[PDB]
């Protein structure tokens, strides 16, 4: 079965990596690009970008461990642990050449450690719409003069007693629509049909729990990254952020400058957190152009 429709000419498949069955969707020919989704979603957030990239690259979009159709991690949910699975997955398809990486939201948390620990394996990097886990996350506000803040939910999801799963179980579809739209500028792209697809996936009990385990491991990820960040990233990097309601704005590039020697950043006006869906045309263009500076099919 497939939780989301595969684009024409792509295949949905699985690869066992360190005892964990990872789902991915793959298509195209050429150098490898791996696209890594974030919270609330699955590989499917990339489905509009994938066909365009596949004209020039071999494209793989995995489901994060525990989310979509991927099994939960056997080690743990900290960035360094999850990054092992994703690095090994990518290297199965590109064992002799570096690959490109695009990541959104917690996709960043789950890839940064393998990028910094295997810099020669990463040709070009695109990060969008989330902080790399570090001390900066403790400076975000609980509450704002406009209402709910961007990341108060970090505390909700990290809370003990299974607070989040206990409250959200059975109400996943309601919760996800609120979470997504509250972090959006162009809310209209989130049709009831699209929200139904995403909600059905994360409502699987192991996926609902997995989602929150990423946040329960956040402080550990921060501790890991404090050490890792002693070495800056050397490969070409691009950051994207939304400039509209729900977006990270200038924070994305400003933090990345501390991590990367070679970074260019863009803030997309009228776009919130969900760049691939809210602002498909400009986001896809920025990504395709940036990756196409390097050798491609």
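Residue numbers count along the first chain shown, from 1.
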Quick note on 276-284 and 6-14: per-entry mean CA temperature factor is higher in 6-14
Can you tell me whether 88-96 has a higher mean C-alpha B factor than 161-169 in this record, or the other way round?
88-96
Listed options 62, 66, 236, 269: highest C-alpha B factor recorded at 236
Can you tell me which of 183, 104, 136, 193 has the highest Cα temperature factor in the record?
136
Divide the modelled residues of the chain into thirds by Cα B-factor and specify which third, lowest, middle or highest, holds residue 177.
lowest
Could you say whether, by C-alpha temperature factor, residue 31 belongs to the lowest, middle or highest third of its chain?
highest
Among the modelled residues of its chain, the C-alpha B-factor of residue 231 falls in the third labelled highest
In terms of the CA temperature factor given in the entry, to which third of its chain does residue 216 belong: lowest, middle or highest?
middle
Give the position of residue 129 by CA B-factor within its chain, expressed as the lowest, middle or highest third.
lowest
